[PDB]
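Notes follow once the structure below has been shown.
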There are 2 protein chains.
Amino acid sequence: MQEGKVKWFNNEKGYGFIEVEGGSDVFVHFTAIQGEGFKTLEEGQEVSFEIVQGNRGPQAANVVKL
Amino acid sequence: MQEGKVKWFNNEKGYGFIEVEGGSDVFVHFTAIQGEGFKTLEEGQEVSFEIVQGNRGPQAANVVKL
Ligand code: NA
């Protein structure tokens, strides 16, 4: 588990990227977003998350807005 | 996706396993469950899901109650 910030997120398509200090960007899909409410993220939002490896490569899991 | 049947799920602990015919049971955590319903599952419940690799090995992602 670790922290990063949302780099960008396309609300219509429901995906974007989390930027990591000193590391590679991590893909995030709306299905990973935790909590109640409409599943979206805004640029600059601080998040915690896990990285998992799927058939398309690394992606975020368990994305919590801080 | 992929289909399976919940083998067991402990709603206090927040996890269980999904049985996959002719394959290994897959760990499922509550954070993977989709929908506005309670993030719980029950024995025998049919689900669709993605297998991803986490730091402890294979686990379910994108778990939808059918
Ligand atoms: Na970076």
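State whether one or more residues within region B:7-17 are of a type in the set (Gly, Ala, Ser) and more than 12 Å from chain A (Cβ to nearest Cβ).
Within region B:7-17, the subset of a type in the set (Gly, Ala, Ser) is B:14, B:16.
Pick out the ones that are also more than 12 Å from chain A (Cβ to nearest Cβ) and you get B:16.
Yes, region B:7-17 contains a residue that is of a type in the set (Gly, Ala, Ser) and more than 12 Å from chain A (Cβ to nearest Cβ).
Which is of a type outside the set (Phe, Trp, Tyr) and within 8 Å of the chain's Cα centre (by Cα), of B:52, B:63? So that I can check it myself, show each step before the final result.
Working: B:52 fails: within 8 Å of the chain's Cα centre (by Cα).
Going through B:52, B:63 in turn, the sole match is B:63.
Okay, residues lined up against (1) of a type outside the set (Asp, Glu); (2) under 21 Å from residue A:28 (Cβ atoms); (3) surrounded by fewer than 16 Cβ atoms within 10 Å (Cβ to Cβ):
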site: B:6; (1), (2), (3): yes, no, no
site: B:11; (1), (2), (3): yes, no, yes
site: B:18; (1), (2), (3): yes, no, no
site: B:29; (1), (2), (3): yes, yes, no
Practice prompt. Examine region A:1-24 for a residue that is outside any strand (DSSP E or B), touching a residue at least 60 places away in the same chain (Cβ under 8 Å) and of a type outside the set (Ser, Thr, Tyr), and state whether such a residue exists.
Written response: yes
Worksheet item: What number of residues in region A:2-28 are under 9 Å from the mean Cα position of the chain (by Cα), of a type in the set (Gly, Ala, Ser) and within 14 Å of the ligand (Cβ to nearest atom)?
Response: 1
Item to complete: Collect the residues in region A:18-41 that are of a type outside the set (A, V, I, L, M, F, W, C) and facing another protein chain (nearest Cβ under 10 Å), keeping them in residue-number order.
Response: A:29, A:31, A:34, A:36, A:37, A:39
Fill in: Options A:36, A:42, A:3; residue that is of a type in the set (D, E, K, R) and within 22 Å of residue B:54 (Cα to Cα)
A:3
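Going through region B:39-57 one residue at a time, which ones are in contact (Cβ under 8 Å) with a residue 12 or more places away in the chain and farther than 12 Å from residue B:6 by Cα? Spell out how you get there, then give the answer.
Keep residues of region B:39-57 that are in contact (Cβ under 8 Å) with a residue 12 or more places away in the chain, which gives B:39-51, B:56-57.
Answer for region B:39-57, where residues must be in contact (Cβ under 8 Å) with a residue 12 or more places away in the chain and farther than 12 Å from residue B:6 by Cα: B:39, B:50, B:51, B:56, B:57.
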Worksheet item: What do you reckon, is residue A:31 under 19 Å from residue B:62 (Cα atoms), more than 16 Å from the ligand (Cβ to nearest atom) and assigned to a helix (DSSP H, G or I)?
Response: yes
Fill in: Counted residues, region A:34-48 - those being touching a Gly at 6+ places or on another chain (Cβ under 7 Å) and in a strand (DSSP E or B)
1
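Only the coordinates and a few stated rules stand behind these numbers; no lab work does. Note that we place each Cβ from the backbone using ideal geometry, even for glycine, and neighbour counts take in every protein chain shown.
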